[PDB]
Each structure stands twice: as C-alpha cells, then as structure tokens.
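First up is the structure itself, then whatever we jot down about it.
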Amino acid sequence: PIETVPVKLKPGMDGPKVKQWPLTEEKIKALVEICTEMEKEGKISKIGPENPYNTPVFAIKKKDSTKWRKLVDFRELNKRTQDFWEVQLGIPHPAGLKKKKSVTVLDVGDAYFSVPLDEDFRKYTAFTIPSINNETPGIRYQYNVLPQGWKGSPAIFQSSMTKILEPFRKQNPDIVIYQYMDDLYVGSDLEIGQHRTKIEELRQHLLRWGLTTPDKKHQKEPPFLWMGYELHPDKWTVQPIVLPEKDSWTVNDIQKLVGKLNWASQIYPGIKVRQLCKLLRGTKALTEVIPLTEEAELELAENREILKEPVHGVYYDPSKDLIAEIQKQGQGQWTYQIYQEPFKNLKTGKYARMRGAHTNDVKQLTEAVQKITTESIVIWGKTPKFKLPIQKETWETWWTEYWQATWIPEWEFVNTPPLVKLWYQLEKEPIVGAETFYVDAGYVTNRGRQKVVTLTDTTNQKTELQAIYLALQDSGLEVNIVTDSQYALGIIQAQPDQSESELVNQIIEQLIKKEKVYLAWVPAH
Amino acid sequence: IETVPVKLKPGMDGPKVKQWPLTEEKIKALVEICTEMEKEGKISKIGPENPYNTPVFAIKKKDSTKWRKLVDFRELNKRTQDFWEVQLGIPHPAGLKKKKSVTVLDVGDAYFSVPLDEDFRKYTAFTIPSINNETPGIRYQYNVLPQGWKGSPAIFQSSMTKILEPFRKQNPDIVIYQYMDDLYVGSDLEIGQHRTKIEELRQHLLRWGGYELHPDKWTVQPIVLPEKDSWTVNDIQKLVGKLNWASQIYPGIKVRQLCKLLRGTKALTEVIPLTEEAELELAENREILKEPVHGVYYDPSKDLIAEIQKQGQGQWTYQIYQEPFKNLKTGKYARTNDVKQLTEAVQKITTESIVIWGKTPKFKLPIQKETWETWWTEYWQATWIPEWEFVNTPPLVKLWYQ
Ligand SMILES: CCOc1ccnc(CCNC(=S)Nc2ccc(C#N)cn2)c1F
C-alpha cells in the first residue's frame with residue numbers, strides 16, 4: 001500500500017468539535033448505508049464515545065441524478081490542519097511540450113480513498129450519523145484514508161502518486177506522465193499499439209496500489225481541450241473564439257471581449273485591443289451601453305478576420321534553438337513570436353507594459369526582451385536568440401549613457417521597419433553661440449529675452465517643465481537651458497520619447513526638432 | 001554524533017521563499033549534485049507535510065569545470081536564533097585587513113561531517129524546480145550542517161578551532177579568519193612563500209578531511225574637483241553645485257566667491273577668469289576634500305549599507321556607510337557587460353566588508369530585479385549572498401562621484 005504522510009494540527013490548536021446539524025430520517029438512513037460501505041471497504045471505521053472531536057456531515061443528490069451522496073464539512077478541520085507544501089499552481093504551457101506520437105489521459109478512481117491517512121490524525125476526522133429513534137446509537141466513525149474536502153488530501157495524494165509512478169517512469173523514460181488532480185496524462189512516441197500497451201502496464205501498476213483507471217473503450221484521447229487550448233499530438237491552438245455580432249455594446253461586453261481578445265494574442269499575432277480598450281473611458285456603470293467608435297468598429301472587424309482562420313502553435317523541438325523576434329506594433333505596443341523553424345510558431349505575444357511615466361523605445365524594447373527571457377526560461381528552460389529592429393550602434397549608445405545597467409542576450413539586428421532609434425540626444429557640452437535660457441513660470445536669456453507668466457491649476461513640478469518648455473518654445477535651433485529643478489532634469493536626461501504627460505510629450509517634440517540642446521542643472525536659492 | 005538543538009528566534013517560523021526559474025543547464029547540474037548528496041546521506045527527499053522552502057542555485061566555480069550548489073539561506077539565517085559568540089565568539093581580527101595579502105578558502109564541505117539537529121531539519125527545505133511545470137519538483141532538506149546557513153560555522157566553530165589551533169601555533173605569523181563557508185587567510189610573506197603556506201593549510205586541512213586579495217593596498221577614493229585651464233560659466237556652475245552638495249559633509253566649504261562669478265545671466269560658455277579672492281576659496285575647499293570627513297566610526301550594531309553607481313564605460317563607484325553621508329569607505333571599480341561587471345563589484349565590495357568589518361553590507365543596486373534575478377547566478381562565485389535592493393539613481397549623485 002502507500003506509505004503514510006504524518007499530519008499534525010496547527011500548533012496550539014486542537015481538533016474540531018462541531019455539532020452535527022439535524023438530519024432527515026430519510027437521510028439518516030441513506031448515510032448509514034453509505035457509511036457502511038465505507039466501513040466495510042475500510043475507508044472509515046466506527047469509533048468509540050471517547051473521541052470528542054467531530055465534524056458535520058451532509059447528504060446531497062448527484063447533480064441531475066437520483067440517489068444519495070455523503071458530504072463531510074471539514075472547513076473547521078482545515079482551519080486547524082497544518083499547511084502543506086501544497087500542489088502547484090503553474091500549469092505547463094502548450095508551446096513547452098514536445099510532440100508525442102500518442103497520448104491518453106486517465107481518470108483515477110477514488111484516489112483519495114485509495115490513500116491511507118496518518119493514524120495520529122485519523123481521530124481528528126471524526127463525525128457522527130444520528131440514530132433515527134430518539135434514544136438509540138448515533139454512530140461515530142473516523143476516516144482511514146484521505147478525506148475528499150480535506151486540506152492535505154491533494155498534496156499527499158499527488159505526493160503519493162509521484163512515489164507510485166517513480167518506478168514505472170524509471171523503466172519507461174520514453175513515456176512522459178503528467179499528474180493533474182485526478183488525471184494522468186501520458187504521452188509517448190511509441191507506435192500506436194506499443195503505446196496502448198504500456199497504457200495497460202500503467203493501469204495495472206496503479207491497480208497494484210488500489211488505483212483504478214478508466215477502461216480503454218471509455219477513456220479519453222485527442223483532441224485534448226485543455227485549459228483554454230485545443231491540444232493535438234502534433235500541434236496546438238486556442239479553443240476557437242467567436243466574436244459576438246452585437247448591435248448594442250455594454251461595458252461588460254467590452255471588458256469581456258477585450259479579455260477574450262488578450263487571450264488569443266498568445267498565438268494569434270496582430271490582435272489589437274486599444275480602440276476597444278478606449279471605449280471604457282469614464283464609464284459609469286457595468287451596464288452602460290457604449291456606442292462603438294469608428295476605429296473600434298474597424299478594429300473589431302479586423303480582429304474577426306484574424307480569428308476567422310484557426311492558426312496553430314507547434315511543439316517544442318528540444319533539438320533546435322529557439323528564436324525570438326520583436327516588432328513595434330505601435331507606440332507602447334510591441335509584438336513578438338517565438339519559433340524554432342522559420343516562422344514555425346511555438347508561441348506569439350504582445351507587450352504594452354509601460355515601466356514608469358516616461359520611457360523610450362530602446363528602454364522599452366529592452367524591457368520587452370527581459371519579459372520574454374523570463375517567460376522562455378519558464379517554458380523551455382532556456383533563453384532564445386533575439387532578432388531586434390535596433391542597431392547595436394543604436395543600442396550600445398543609449399546603453400553606455402544610461403545610469404541603470406542593462407544586458408540583452410546574444411541578439412541579431414533585423415532591418416524590419418519600423419526601426420527603434422533615438423530621436424535626439426542632449427549635447428554633452430554647453431553650446432558655443434547658442435542662446436542661454438535661465439528658467440525658473442518664466443525665463444531670462446543672456447540675450448535680454450524674458451517671459452514671466454502665470455497660470456491656473458498647476459503642480460510644482462509641472463511648473464518646472466513648463467518653463468523649460470517655454471524655453472524650447474521661444475528658442476532657436478540650438479539652446480542651452482539652465483534649471484534648478486532636479487526633477488525636470490532627470491526626466492529629460494533620460495531622453496524619453498514617450499510619456500503619459502502631454503506636456504512632456506510636447507517638450508519631447510521640441511527636442512526632436514532642435515539642432516543642439518544643452519540642459520544643465522543649478523542649485524536652489 | 002550528538003546534535004546541538006538549534007531553534008528559530010521566538011515566535012518565528014520557517015522560510016517559505018519562492019524559487020526563481022532556473023535554466024535547464026542549471027537544473028541538471030543540481031539534479032546531479034543532489035542525487036549524490038542523497039547517496040551520501042547529506043540530504044533527503046521530503047513529504048508534503050513540509051511547507052517550507054529555500055531558493056537553490058547552481059553556480060560554476062572559478063577555475064574548475066565543476067558546479068557548486070548555492071542555497072540562498074538568506075531568510076532562514078535571518079530567522080535563526082543567535083549563538084553566544086561574544087565569549088570566545090571569534091570575533092574579528094583588526095590585523096587581517098592589513099596583513100598584506102590574503103587567500104580565501106571554501107571549507108563548506110567541512111560541514112557535511114556534523115549532523116544537523118533533527119527538529120531543525122525541516123527548515124532547510126529546498127526544491128529543484130522543473131521546466132514548464134511538467135513535474136512536482138525535487139524536494140529535499142538537509143541532514144548535515146548545511147553550507148550557507150549561519151548556524152553551520154557556529155556549531156562547527158568548536159571542532160574548527162580544534163583543527164586549527166596547531167597550524168595557528170605553528171604559523172602565528174598568519175591570520176586565519178572564518179566567515180560562514182569561507183576561510184580568510186592573511187599574511188605578509190612574499191607571494192611564492194605565501195601560496196606555499198596556503199597549500200600547507202590546504203593539505204593540513206585535508207589531514208582531517210583560489211582568490212588572492214591585497215587588503216593593504218585598498219584606499220578611500222575621495223571626492224574630487226575639476227582642475228582646468230580656463231573656467232567657463234558652466235564649469236563654475238557645475239563646480240558650485242558639486243561643492244554645494246559636498247558642503248553638507250565638510251562644513252568648511254565656502255562657495256561665496258564662486259557664486260559671485262555667477263551673478264548675472266551670462267552665456268554658459270563665457271570664460272570667467274578667477275578673481276584671486278575666489279581662487280583661494282577653491283584652494284581651500286580643494287584642501288578640505290583631500291581626506292575623509294573626520295569622526296566617521298563604525299558601529300557594529302548598525303546595518304552596513306552599500307550603494308553603487310554606473311559611472312560609465314565599464315566604471316562604477318560605491319560608498320559604504322551606515323549613516324547617510326557618513327561613508328566608512330568609498331571606492332570605484334573598472335572591468336563583459338553591465339551585469340557581469342555589477343555582480344563582480346558586488347562580490348568584491350562584500351569581500352572587503354567581510355575582511356574589514358566582518359559583515360556583508362546591504363547593497364542598493366542600480367538595476368531591475370528581473371534582470372538581476374536572471375543573470376546574477378551566471379557570474380556569481382561567492383558562497384555567501386548579501387542582501388540587496390534595487391533602486392533608480394538620481395543623475396546628480398553619479399555626477400558628484402568620478
Ligand atoms: C492535455 C495535455 O496534457 C499534458 C500536459 C502536460 N504534459 C503531458 C505529458 C506529455 N507531454 C508532452 S512532452 N507531450 C505532449 C504532446 C502533445 C499532446 C497533445 N495533444 C500532449 N502532450 C500531457 F499529456
């Protein structure tokens with residue numbers, strides 16, 4: 001049988017002592033029968049009036065079925081049971097799989113029941129079945145195996161399974177098994193019949209420890225509709241996305257759509273949601289109907305196109321390098337796709353995350369690179385060779401300049417417009433000949449120029465950039481600007497090309513225009 | 001054979017740290033190593049009853065094709081009780097930091113001998129991760145004294161001095177300091193004569209079962225002012241700004257005569273001759289900067305902070321202080337890529353801290369967590385791990401250091 005995992009209650013706390021809710025005499029009977037079957041098979045065992053502990057038990061009918069089912073409430077117990085390592089949350093992404101000749105998944109029967117429970121804990125699983133007659137038994141039992149609905153059942157169960165599987169796996173390196181709750185997904189490049197054979201070795205091997213599996217004639221095989229994607233032994237896509245042809249769009253509708261849209265991006269390249277995504281501005285209620293904008297309609301229609309033809313992602317070929325390519329799908333938007341074979345997509349994807357109020361393509365593209373690397377390390381345990389629309393000369397320039405340190409893996413330039421570039425650079429030295437503006441809301445130049453202004457609804461910082469702006473404004477092709485705002489300085493010294501603040505974006509505009517610009521900082525008073 | 005009952009600080013519980021994604025290569029490496037450590041009963045697979053976790057990493061050794069398992073017990077150590085290391089608890093030899101040359105040895109393996117208190121074992125839990133989550137992940141916990149845990153060098157201390165008192169007695173001309181898994185050996189002998197005495201210890205250590213630092217040649221890179229032919233308004237300006245910032249440290253810095261050259265909205269490039277009056281001010285400030293601010297003493301009860309700046313072209317700068325502006329040391333580092341470099345500086349700076357004060361400082365790194373977390377293990381070689389934090393450097397600061 002399986003070796004028991006020692007369980008304990010959280011420190012200080014004691015076992016659960018809960019009163020059994022009242023029960024229907026009809027149920028009282030139904031249970032006694034269910035709890036006899038269990039006692040007979042050994043899954044549970046009648047205990048003595050010694051054990052104070054006790055959790056309530058309920059009776060329900062199998063959804064759309066006519067009979068009785070036992071349901072024990074362990075909430076209190078679970079609040080008293082130590083924390084376990086606990087199952088994984090992260091599931092395998094399709095693109096990480098290697099193609100298998102054949103695959104079949106098995107549903108494990110009464111797995112939790114086919115697993116023992118640490119005796120020193122068995123008591124804590126105590127419950128009672130009220131006796132019909134006013135003065136009669138009202139028998140108490142306690143679990144012997146893993147209780148469905150109990151905190152540590154999954155972990156232990158899975159854990160146990162891994163132990164059971166160990167051997168088989170060992171002598172069948174060709175086979176690849178994936179544990180997922182009460183399902184075993186098995187894949188192999190074995191020839192059809194040979195496959196179906198090991199599947200029989202397994203099933204038995206499982207039966208060895210009471211683990212029952214479903215019978216071939218009623219098992220489950222591809223296509224495998226798994227967590228959002230449709231999995232074939234050769235390729236993979238997302239489960240077909242149908243865009244509603246609604247006439248009246250509401251706020252949930254959109255939010256819902258936008259969400260489903262995002263989903264696709266991981267494989268359907270070119271999907272765009274911006275136009276939809278500014279249909280949500282100022283919205284007042286989850287039920288507000290928003291009439292679609294022209295570009296939104298343009299977008300929706302355009303997305304329907306991409307969704308119309310099913311596309312596919314292929315599997316990971318551990319024999320070939322991974323290749324990564326990025327393009328600028330627009331301001332803030334970057335698209336990328338990973339393939340091993342020339343455009344043989346394993347996965348695709350977008351990147352619109354703006355890290356900070358201000359940024360430039362170089363910085364952002366790098367961040368995109370970083371995002372991908374991370375992702376890749378997780379899916380294929382290795383970093384891809386990048387193909388970027390930026391020249392080393394361009395990169396390495398901004399590189400050195402920046403205060404933060406950064407590093408992009410082995411990467412190759414790809415002359416595929418648009419190309420990321422720096423629209424401007426601050427002069428490293430003050431300019432000889434250029435006018436010199438001393439900005440503080442106004443400025444004063446070495447050439448007599450002045451322009452003190454006042455305004456409405458401003459921020460202290462906002463006023464500072466304002467000045468600089470005016471300076472760029474009224475200046476010629478080459479300017480030397482001097483300021484005391486260390487804030488404005490940091491921003492511009494970053495040489496951003498994009499920002500949320502329109503103001504900034506204007507200044508940026510000025511800068512791209514100038515021939516030469518020297519920005520200098522000076523002390524307070 | 002008996003195990004000294006170790007305990008976490010009061011109320012404290014075990015670490016449940018996340019395990020950063022590791023590359024295939026690394027995992028394999030860890031899989032081989034651990035499989036071995038298992039055979040030798042050093043570690044053991046654990047059940048789900050154990051909810052604790054410590055990050056593990058694989059790093060390559062300097063001048064060796066072999067891989068080394070690096071466990072990040074940073075948190076565990078953090079919540080591990082203290083040990084009476086006051087009374088005969090080493091502590092720290094002021095002599096070492098000047099003993100000419102010093103070599104660092106990894107004695108981690110020495111720990112594998114001593115068994116670890118069973119009740120404490122569960123906290124050493126760690127996991128070898130798997131790609132794309134195909135499988136559960138190999139789980140283990142240490143049975144022996146684990147390399148990297150602060151409890152190890154302590155418990156072993158006893159037996160450790162035991163094994164060293166002889167060599168000490170033999171070569172009292174040699175300073176021998178232990179830190180976690182490292183052994184700092186200092187001496188003034190000549191190189192050839194040094195590397196030899198080291199090997200004598202290399203083998204004297206085997207009797208029971210590769211760096212090259214030069215402590216004496218370290219110096220406090222101070223703040224410096226430009227010294228140029230002619231001085232344009234800009235120069236003055238920058239000059240004054242820097243001066244203004246430094247004044248908060250060295251109060252004797254006057255800028256009066258310098259700011260008077262700035263009266264007026266002149267053109268940035270206009271050359272300003274220095275009026276003798278001012279010329280002396282510079283001269284003075286210039287002389288006040290020739291040395292670290294007086295009265296900056298180290299406090300053992302306070303955290304030792306470290307800030308690095310990317311100076312550019314492969315040049316970095318740092319400062320070690322506990323209290324703002326009150327720098328204990330200040331230095332620079334010159335070379336690759338930003339990260340490799342950064343990790344090098346880091347390791348170097350830590351080493352010094354250890355050697356000098358006997359503690360790893362807390363670094364404030366000018367990088368992005370994701371990046372650091374991605375490549376740091378690629379070039380890291382130390383056996384300890386300082387605590388770090390990531391920050392954005394303000395443009396002016398980097399300026400004031402060069
Ligand atoms: C529904 C997919 O289930 C699985 C998920 C994760 N892991 C496995 C084990 C074997 N996986 C590998 S490498 N091969 C593949 C390949 C194709 C398909 C399909 N259709 C399933 N698994 C699975 F079978």
Among the residues that make up region A:213-221, is at least one of them within 12 Å of the ligand (Cβ to nearest atom) and surrounded by 15 or more Cβ atoms within 10 Å (Cβ to Cβ)? no
Mind listing whichever residues of region A:407-435 are in a strand (DSSP E or B) and within 17 Å of A:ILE507 (Cα to Cα)? none
In region A:339-359, is there at least one residue being touching a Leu at 6+ places or on another chain (Cβ under 9 Å), more than 14 Å from every other protein chain (Cβ to nearest Cβ) and among the β-branched types (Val, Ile, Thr)? no
A:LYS382 passes all but one of (1) buried (at least 21 other Cβ atoms within 10 Å of the Cβ); (2) within 14 Å of another protein chain (Cβ to nearest Cβ); which number fails? (1)
Within region B:361-378, take every residue that is under 26 Å from B:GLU212 (Cβ atoms) and buried (at least 18 other Cβ atoms within 10 Å of the Cβ) and give me the one that is nearest to the chain's Cα centre (by Cα). B:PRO361
For A:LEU225, all conditions in the list (1) more than 13 Å from every other protein chain (Cβ to nearest Cβ); (2) within 11 Å of the ligand (Cβ to nearest atom); (3) under 21 Å from A:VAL5 (Cβ atoms); (4) among the aliphatic types (A, V, I, L, M) hold save one; what is the number of the exception? (3)
Would you pick out the residues in region B:45-85 that are within 14 Å of chain A (Cβ to nearest Cβ) and either aliphatic (A, V, I, L, M) or exposed (fewer than 14 other Cβ atoms within 10 Å of the Cβ) (or both)? B:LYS45, B:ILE46, B:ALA58
Could you list, ordered by first residue, the pairs with Cβ atoms under 9 Å in which the first is in region A:68-97 and of a type in the set (S, T, N, Q) and the second is in a helix (DSSP H, G or I) and within 16 Å of the ligand (Cβ to nearest atom), at least 6 apart or interchain? A:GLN88/A:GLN158; A:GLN88/B:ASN133
Kindly indicate whether any position in region B:28-48 is among the polar types (S, T, N, Q) and touching a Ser or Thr at 6+ places or on another chain (Cβ under 6 Å). no
Assess whether A:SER65 counts as being touching a strand residue (DSSP E or B) at 6+ places or on another chain (Cβ under 9 Å) and either more than 16 Å from the ligand (Cβ to nearest atom) or outside the structural domain of A:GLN142 (by CATH) (or both). no
Just wondering, is there one or more residues in region A:232-245 that are within 16 Å of the ligand (Cβ to nearest atom) and within 14 Å of chain B (Cβ to nearest Cβ)? yes
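Consider region A:94-143. How many of its residues are among the β-branched types (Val, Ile, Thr), within 14 Å of chain B (Cβ to nearest Cβ) and within 15 Å of the ligand (Cβ to nearest atom)? Talk me through it step by step, then tell me what you get.
Applying the first criterion (among the β-branched types (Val, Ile, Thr)) to region A:94-143 yields A:103-105, A:108, A:115, A:125, A:128-129, A:132, A:136, A:139.
With within 14 Å of chain B (Cβ to nearest Cβ) added as a condition, the list becomes A:103, A:115.
Now drop any that are not within 15 Å of the ligand (Cβ to nearest atom), which leaves A:103.
Count: 1.
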Residues that are more than 8 Å from the ligand (Cβ to nearest atom) and either more than 8 Å from every other protein chain (Cβ to nearest Cβ) or under 27 Å from A:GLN194 (Cβ atoms) (or both), drawn from region A:82-93: A:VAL87, A:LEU89
Taking only pairs six or more apart or across chains, which ones have beta-carbon atoms under 6 Å, a first residue in region A:164-182 that is more than 18 Å from A:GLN88 (Cα to Cα), and a second residue that is away from the ligand (no atom under 12 Å from the Cβ) and not in a helix (DSSP H, G or I)? A:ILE164/A:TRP209
I'd like the full set of residues that are buried (at least 19 other Cβ atoms within 10 Å of the Cβ) and of a type outside the set (D, E, K, R), limited to region A:315-326. A:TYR315, A:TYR316, A:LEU322, A:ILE323, A:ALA324, A:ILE326
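Checking the condition assigned by CATH to the domain that holds A:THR104, surrounded by 13 or more Cβ atoms within 10 Å (Cβ to Cβ) and within 15 Å of the ligand (Cβ to nearest atom), which residue from A:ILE175, A:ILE192, A:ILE164 passes?
Details: A:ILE192 fails: surrounded by 13 or more Cβ atoms within 10 Å (Cβ to Cβ); A:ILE164 fails: within 15 Å of the ligand (Cβ to nearest atom).
Result: A:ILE175 is the single residue among A:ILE175, A:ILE192, A:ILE164 that is assigned by CATH to the domain that holds A:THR104, surrounded by 13 or more Cβ atoms within 10 Å (Cβ to Cβ) and within 15 Å of the ligand (Cβ to nearest atom).
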Of the residues B:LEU262, B:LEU289, which single one is within 12 Å of another protein chain (Cβ to nearest Cβ) and buried (at least 17 other Cβ atoms within 10 Å of the Cβ)? B:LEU262
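Numbers and lists here come from the model and the stated rules, or from a named source; nothing here is a laboratory result. Virtual Cβ from ideal backbone geometry, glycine too; neighbours counted across all protein chains shown.
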